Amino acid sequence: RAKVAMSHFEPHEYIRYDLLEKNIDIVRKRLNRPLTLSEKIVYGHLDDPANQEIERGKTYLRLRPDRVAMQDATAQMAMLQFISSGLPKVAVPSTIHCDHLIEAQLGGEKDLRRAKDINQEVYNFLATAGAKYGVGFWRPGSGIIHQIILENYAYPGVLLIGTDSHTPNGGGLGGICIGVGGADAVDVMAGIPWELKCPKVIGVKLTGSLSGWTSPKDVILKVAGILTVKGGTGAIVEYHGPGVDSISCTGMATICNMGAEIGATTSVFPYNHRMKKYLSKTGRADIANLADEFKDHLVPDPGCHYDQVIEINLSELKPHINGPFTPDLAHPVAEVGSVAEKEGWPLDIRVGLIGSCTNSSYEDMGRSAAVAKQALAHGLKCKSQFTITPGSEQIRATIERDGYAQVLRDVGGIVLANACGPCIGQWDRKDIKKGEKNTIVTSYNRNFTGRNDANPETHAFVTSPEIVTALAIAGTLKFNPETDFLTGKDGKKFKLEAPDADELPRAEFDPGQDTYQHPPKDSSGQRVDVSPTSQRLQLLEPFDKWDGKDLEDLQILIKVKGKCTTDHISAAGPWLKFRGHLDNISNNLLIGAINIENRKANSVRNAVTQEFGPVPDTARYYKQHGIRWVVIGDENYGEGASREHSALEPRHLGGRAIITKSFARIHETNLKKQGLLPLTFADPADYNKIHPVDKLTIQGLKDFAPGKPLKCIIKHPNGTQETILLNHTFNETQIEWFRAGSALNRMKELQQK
């Protein structure tokens, strides 16, 4: 047995490739067919590979992830529920990353110092719960959860789960890294099997070589536009083909990260040479040597069947830019001027922002600085404001040492703390008025409803960092840098050459400042106290147990039109301050959803009083009056971000079922976790038969069984009614979370509590 440790922080926790192969060959003697790469890593982590029913898109796989990662906006509710198990130690290597609460205001040092004082109480809670239950803690300044994971924790054939929808970034180093809600991270930290609907697999055949201004980001901007935000739901994405090798490991992580935007369970690349080189450059040459020894198990089987296959010729791919309000509205940088024209999107760029976990790598900063260098060499600074987020303290230390940070500061860039920042709305934007229509281009992933600054009128376009830099220099979406000229301060016209930069540093990466804090899981001792009077942290009161009766005469709180993402159900930005307090954060419930009745966000009719008002207040008014209610939704309800708050908040305010045409995968699992009923119309045209006024009866809950639809009676005000059927994807363990009131309660009742 090789004794090669998972990371430099867990010397004693070894990679189990032996276990993986054992289970793969068990499964493969039962399936007798080629396995894809995500099927080898996923079925190789099955708790029972000899008896697990394995069928794509149909069965619930009982799995054993190798490790759990949390970030600080979703770690507070995950540790509060983990304290409730009363387990004294986590069962797997687990980390907390403090990246989500640092607000971009004046730039890195100022900002991080501001945030450590602003967020003391929360950072203290998370460090102390981390020391107490054996969770490694990365302090504010460490970096964005996914960078730190790529540099320290992802490896070939890992199964990692993270409480973030962009955990898929770790597929850049051949692991299966899946985003989940905090209650799923609590399963694995408490030792209980994690279940995952068995994934379908989309294969993206890559061909050719990326050239010029075209970078890895453009491969996923292209696949998102092709497949749409709904195209990857319930599937893992597998890249393969000759083109794979032309992409660096952090470029493969960029392509896997924004796979989240098509609803994919996760994305992965096969173990290869550029992965090997990235491991070695990060002090993990030993993991790369063991991976070489099991590479048989870390690449797809010849002839493996993909459910969908898409092909991309990398050498014909052009620079793209997606937006302004969906990540799947794709444009070549070439024609984006004209479309903004036709469609009335602002052509002047207010702010260009490079960073986020999607595009904050050393290679990313290197190509951004290569573009900035040329502009600087002609006496130019940025026309648009320009912000730069480094992905980790190591990348800030190294780009500082290798001079990228001074070039980018010299064209007028502000380099922010190594934190999410403007990406989740942790931004004190001061250059517009609220409501001012404007355009910002970013090298981020998502571009929902100005969610960068809380201005619904901000038009955000996602692109590659080097195109963000050429466009912040030019100030307008009319600039295509592959073909347009700029005028130096010397009155001479020049065109920007395509960037070229080092994938990795020549020397060692400079680690920067000390930000890791290992659990003294020696003595431990110190207790985590949360103030009975905190406005930011509150202990979770157990949700109520099911009374065993039907859901009769349900009031419709809202019938939502169109796109209802978790940023519509539970916004971030000024709400991240309450990610540890459920009653305070429940005050954003669905304030962004569009009411079909009047097509307004946060204006629903209260049915007792007949006044139109805040969706949060109406839900508390129905709860205080004993009126149980339902949300009716459209398609891909709950798209986007991972936050289990979008499911904790409707349960907390009296919610009972969310009936939709379809759900996003993580949100639907979060709804089952919190004792709500996610249900879908057996016929989606029945959405059209429910009017905001109807009362609805969900009958047959005494007979709730796997694969059997429920009856819904739509009670119309004129006394007519009509019965429809509702399908559900509950298996018997999720039906027991329902009966008990939540999965947490089901655990406490199994724990003879």
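Quick note: we count residues from 1 along the sequence shown, nothing fancier.
Mean CA B-factor, 421-429 versus 120-128: the higher value falls on 421-429. Taking the PDB entry as given, 403-411 carries the higher mean Cα B factor of the two stretches 563-571 and 403-411. Within the group 390, 141, 613, 86, the record's highest C-alpha temperature factor is found at 86. Each of 303, 435, 193, 134 has a CA temperature factor in the record; the biggest one is found at 435. Ranked against the other modelled residues of its chain, the C-alpha B-factor of residue 155 as given in the entry falls in the lowest third. Sorting the modelled residues of the chain by their CA temperature factor places residue 182 in the lowest third. Compared with the other modelled residues of the chain, the Cα B-factor recorded for residue 697 ranks in the middle third. In this PDB entry, residue 688 carries a Cα temperature factor that places it within the middle third of its chain's modelled residues. In the PDB entry, residue 510 places in the middle third of its chain by CA B-factor.
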